[PDB]
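Some notes on the structure that comes next.
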Amino acid sequence: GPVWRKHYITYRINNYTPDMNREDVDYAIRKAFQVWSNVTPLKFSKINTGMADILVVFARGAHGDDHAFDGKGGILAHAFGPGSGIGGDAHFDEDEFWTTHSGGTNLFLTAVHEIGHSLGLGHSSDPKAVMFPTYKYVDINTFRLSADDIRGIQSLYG
Ligand SMILES: O=C(CNS(=O)(=O)CCc1ccccc1)NO
Ligand SMILES: [Ca+2]
Ligand SMILES: [Ca+2]
Ligand SMILES: [Ca+2]
Ligand SMILES: [Zn+2]
Ligand SMILES: [Zn+2]
């Protein structure tokens, strides 16, 4: 599959869920990018204007691609693999309730999974891996990538 062929990667947050404080959205997304840059040569920077490599979008129902969201529950988010235009972009279902904690759906943990996809990773069959297809809350303050996630990303980068 596709990978980014450059080390400096930019992201832009298109719009903000009303479910969270603005600064908490920023920090959750920043922390999620850090998870991946910690184990690759990639460097991530938030830009406030213009075209980013990775556009972060909150939206509900039909929102202009082929991956219509389904209301509360089920699909929480989806992202496109590396590439031009929409490639890399990560979309979060506004019909979920986004949080900093174990309530609703944790934005940080979902963003880690989505960014994995934005970088070229597919799903893992290992239930311990963040790239496993099923959302499961784990304490975010002690979160660590599984060995499976590390081998996956390192197979693509570095
Ligand atoms: O895989 C999907 C679609 N299904 S799921 O949304 O519900 C993925 C949610 C998820 C999975 C694992 C960890 C964190 C969030 N999107 O990337
Ligand atoms: Ca949903
Ligand atoms: Ca893009
Ligand atoms: Ca919401
Ligand atoms: Zn979408
Ligand atoms: Zn996924």
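Following the order of the structure tokens, chains are lettered A, B, ..., residues in each are numbered from 1, and ligands are numbered from 1.
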I need the residues of stretch 18-132 of chain A that end up classed as helix (DSSP H, G or I) by DSSP on the backbone, written out as an MDAnalysis selection string.
chainID A and resid 22:37 107:118
I need the chosen residues saved as an mmCIF file, in the first residue's frame, with N, CA, C and O atoms.
```cif
data_model
loop_
_atom_site.group_PDB
_atom_site.id
_atom_site.type_symbol
_atom_site.label_atom_id
_atom_site.label_comp_id
_atom_site.auth_asym_id
_atom_site.auth_seq_id
_atom_site.Cartn_x
_atom_site.Cartn_y
_atom_site.Cartn_z
ATOM 1 N N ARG A 22 -12.245 23.098 22.909
ATOM 2 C CA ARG A 22 -11.325 23.243 21.763
ATOM 3 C C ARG A 22 -9.902 22.796 22.059
ATOM 4 O O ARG A 22 -9.338 22.011 21.291
ATOM 5 N N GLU A 23 -9.331 23.291 23.155
ATOM 6 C CA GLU A 23 -7.930 22.942 23.537
ATOM 7 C C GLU A 23 -7.761 21.424 23.732
ATOM 8 O O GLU A 23 -6.695 20.874 23.439
ATOM 9 N N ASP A 24 -8.814 20.751 24.204
ATOM 10 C CA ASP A 24 -8.777 19.287 24.412
ATOM 11 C C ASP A 24 -8.761 18.483 23.094
ATOM 12 O O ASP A 24 -8.107 17.429 23.001
ATOM 13 N N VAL A 25 -9.524 18.959 22.108
ATOM 14 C CA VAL A 25 -9.434 18.421 20.736
ATOM 15 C C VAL A 25 -7.987 18.580 20.217
ATOM 16 O O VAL A 25 -7.364 17.609 19.742
ATOM 17 N N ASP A 26 -7.445 19.784 20.326
ATOM 18 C CA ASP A 26 -6.083 20.023 19.821
ATOM 19 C C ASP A 26 -5.086 19.066 20.466
ATOM 20 O O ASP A 26 -4.251 18.475 19.795
ATOM 21 N N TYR A 27 -5.191 18.917 21.773
ATOM 22 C CA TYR A 27 -4.220 18.126 22.516
ATOM 23 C C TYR A 27 -4.341 16.650 22.231
ATOM 24 O O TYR A 27 -3.325 15.993 22.027
ATOM 25 N N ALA A 28 -5.580 16.142 22.212
ATOM 26 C CA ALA A 28 -5.864 14.737 21.813
ATOM 27 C C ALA A 28 -5.281 14.385 20.436
ATOM 28 O O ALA A 28 -4.642 13.343 20.277
ATOM 29 N N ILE A 29 -5.495 15.255 19.444
ATOM 30 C CA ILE A 29 -4.926 15.028 18.096
ATOM 31 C C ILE A 29 -3.375 15.114 18.098
ATOM 32 O O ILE A 29 -2.697 14.271 17.510
ATOM 33 N N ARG A 30 -2.832 16.127 18.768
ATOM 34 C CA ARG A 30 -1.378 16.254 18.930
ATOM 35 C C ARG A 30 -0.759 14.999 19.561
ATOM 36 O O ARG A 30 0.174 14.417 19.002
ATOM 37 N N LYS A 31 -1.279 14.585 20.713
ATOM 38 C CA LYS A 31 -0.825 13.365 21.383
ATOM 39 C C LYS A 31 -0.893 12.113 20.502
ATOM 40 O O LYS A 31 0.013 11.263 20.530
ATOM 41 N N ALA A 32 -1.970 11.989 19.742
ATOM 42 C CA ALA A 32 -2.115 10.866 18.819
ATOM 43 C C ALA A 32 -1.040 10.844 17.729
ATOM 44 O O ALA A 32 -0.481 9.785 17.434
ATOM 45 N N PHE A 33 -0.742 12.006 17.142
ATOM 46 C CA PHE A 33 0.352 12.089 16.179
ATOM 47 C C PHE A 33 1.704 11.675 16.824
ATOM 48 O O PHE A 33 2.449 10.877 16.239
ATOM 49 N N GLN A 34 1.968 12.177 18.045
ATOM 50 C CA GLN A 34 3.159 11.852 18.840
ATOM 51 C C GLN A 34 3.377 10.344 19.038
ATOM 52 O O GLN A 34 4.512 9.867 18.982
ATOM 53 N N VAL A 35 2.290 9.597 19.254
ATOM 54 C CA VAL A 35 2.360 8.133 19.330
ATOM 55 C C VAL A 35 3.123 7.568 18.124
ATOM 56 O O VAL A 35 4.011 6.721 18.287
ATOM 57 N N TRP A 36 2.793 8.048 16.933
ATOM 58 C CA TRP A 36 3.416 7.530 15.710
ATOM 59 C C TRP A 36 4.796 8.103 15.407
ATOM 60 O O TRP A 36 5.682 7.388 14.904
ATOM 61 N N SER A 37 4.993 9.380 15.704
ATOM 62 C CA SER A 37 6.303 9.993 15.467
ATOM 63 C C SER A 37 7.321 9.427 16.449
ATOM 64 O O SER A 37 8.521 9.423 16.143
ATOM 65 N N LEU A 107 -11.438 10.393 22.047
ATOM 66 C CA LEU A 107 -10.922 10.957 20.795
ATOM 67 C C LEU A 107 -9.479 10.568 20.548
ATOM 68 O O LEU A 107 -9.149 10.152 19.421
ATOM 69 N N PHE A 108 -8.639 10.713 21.581
ATOM 70 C CA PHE A 108 -7.239 10.335 21.474
ATOM 71 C C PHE A 108 -7.048 8.911 20.899
ATOM 72 O O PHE A 108 -6.290 8.725 19.929
ATOM 73 N N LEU A 109 -7.701 7.919 21.523
ATOM 74 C CA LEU A 109 -7.537 6.502 21.133
ATOM 75 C C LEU A 109 -8.015 6.269 19.718
ATOM 76 O O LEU A 109 -7.338 5.616 18.921
ATOM 77 N N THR A 110 -9.170 6.845 19.376
ATOM 78 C CA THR A 110 -9.654 6.776 18.004
ATOM 79 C C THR A 110 -8.699 7.460 17.032
ATOM 80 O O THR A 110 -8.455 6.937 15.919
ATOM 81 N N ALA A 111 -8.168 8.625 17.422
ATOM 82 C CA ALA A 111 -7.246 9.339 16.536
ATOM 83 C C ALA A 111 -5.939 8.558 16.330
ATOM 84 O O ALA A 111 -5.391 8.542 15.230
ATOM 85 N N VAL A 112 -5.447 7.891 17.365
ATOM 86 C CA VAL A 112 -4.300 6.993 17.174
ATOM 87 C C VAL A 112 -4.613 5.966 16.063
ATOM 88 O O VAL A 112 -3.843 5.814 15.118
ATOM 89 N N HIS A 113 -5.745 5.268 16.190
ATOM 90 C CA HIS A 113 -6.169 4.256 15.181
ATOM 91 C C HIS A 113 -6.307 4.861 13.774
ATOM 92 O O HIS A 113 -5.792 4.326 12.811
ATOM 93 N N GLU A 114 -7.006 5.990 13.668
ATOM 94 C CA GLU A 114 -7.216 6.663 12.377
ATOM 95 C C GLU A 114 -5.902 7.136 11.724
ATOM 96 O O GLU A 114 -5.664 6.955 10.525
ATOM 97 N N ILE A 115 -5.056 7.777 12.518
ATOM 98 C CA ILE A 115 -3.727 8.200 12.018
ATOM 99 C C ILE A 115 -2.896 7.009 11.559
ATOM 100 O O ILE A 115 -2.160 7.101 10.557
ATOM 101 N N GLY A 116 -3.033 5.874 12.242
ATOM 102 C CA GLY A 116 -2.399 4.638 11.741
ATOM 103 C C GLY A 116 -2.795 4.391 10.292
ATOM 104 O O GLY A 116 -1.937 4.146 9.419
ATOM 105 N N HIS A 117 -4.090 4.494 10.004
ATOM 106 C CA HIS A 117 -4.581 4.366 8.630
ATOM 107 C C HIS A 117 -4.047 5.478 7.723
ATOM 108 O O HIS A 117 -3.642 5.193 6.589
ATOM 109 N N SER A 118 -4.030 6.728 8.223
ATOM 110 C CA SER A 118 -3.533 7.892 7.444
ATOM 111 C C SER A 118 -2.060 7.743 7.013
ATOM 112 O O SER A 118 -1.595 8.428 6.080
#
```
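Identified as lying at most 6 Å from ligand 1 when counting only C-alpha atoms and all ligand atoms are the residues residues 74, 75, 76, 77, 78, 79, 109, 110, 113, 114, 130, 131, 132, 133, 134 and 135 of chain A.
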What does the file look like for those residues with C-alpha atoms, as a PDB file, in the first residue's frame?
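Everything below was put into again-v9.pdb:
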```pdb
ATOM      1  CA  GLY A  74     -21.088   1.332  14.848  1.00  0.00           C
ATOM      2  CA  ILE A  75     -18.482   3.194  12.716  1.00  0.00           C
ATOM      3  CA  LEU A  76     -16.758   5.809  14.903  1.00  0.00           C
ATOM      4  CA  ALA A  77     -14.363   7.214  12.279  1.00  0.00           C
ATOM      5  CA  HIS A  78     -12.543   6.408   9.041  1.00  0.00           C
ATOM      6  CA  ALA A  79      -9.396   7.601   7.257  1.00  0.00           C
ATOM      7  CA  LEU A 109      -7.537   6.502  21.133  1.00  0.00           C
ATOM      8  CA  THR A 110      -9.654   6.776  18.004  1.00  0.00           C
ATOM      9  CA  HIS A 113      -6.169   4.256  15.181  1.00  0.00           C
ATOM     10  CA  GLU A 114      -7.216   6.663  12.377  1.00  0.00           C
ATOM     11  CA  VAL A 130      -4.555  -0.202  18.513  1.00  0.00           C
ATOM     12  CA  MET A 131      -5.133  -1.133  14.813  1.00  0.00           C
ATOM     13  CA  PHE A 132      -7.482  -3.966  15.847  1.00  0.00           C
ATOM     14  CA  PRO A 133     -10.842  -3.088  14.226  1.00  0.00           C
ATOM     15  CA  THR A 134     -12.867  -2.859  17.510  1.00  0.00           C
ATOM     16  CA  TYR A 135     -12.799   0.219  19.770  1.00  0.00           C
TER      17      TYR A 135
END
```
Can you write out as CSV which residues of chain A fall within 8 Å of ligand 4, alongside each residue's closest atom pair and its distance in Å to one decimal, counting only C-alpha atoms and all ligand atoms and ordering rows by chain and ascending residue number?
```
residue,atom,partner,partner_atom_place_in_ligand_line,distance
A:17,CA,ligand 4,1 (Ca),6.1
A:18,CA,ligand 4,1 (Ca),6.5
A:19,CA,ligand 4,1 (Ca),5.2
A:93,CA,ligand 4,1 (Ca),7.3
A:94,CA,ligand 4,1 (Ca),4.1
A:95,CA,ligand 4,1 (Ca),4.7
A:96,CA,ligand 4,1 (Ca),4.7
A:97,CA,ligand 4,1 (Ca),4.3
A:98,CA,ligand 4,1 (Ca),6.0
```
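Taking only C-alpha atoms and all ligand atoms into account, every polymer residue with at least one atom at most 9 Å away from ligand 5 is listed here: residues 57, 58, 59, 60, 62, 63, 64, 65, 66, 67, 68, 69, 77, 78, 79, 80, 89, 90, 91, 92 and 93 of chain A.
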Within-9 Å residues of ligand 3, basis only C-alpha atoms and all ligand atoms, as a list in words
residues 11, 51, 52, 53, 54, 55, 80, 82, 83, 84, 85, 86, 87, 88, 89, 90 and 118 of chain A
Would you mind telling me which residue in A:127, A:2, A:122, A:104 lies nearest to residue A:72 when using only C-alpha atoms?
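Closest candidate: A:104.
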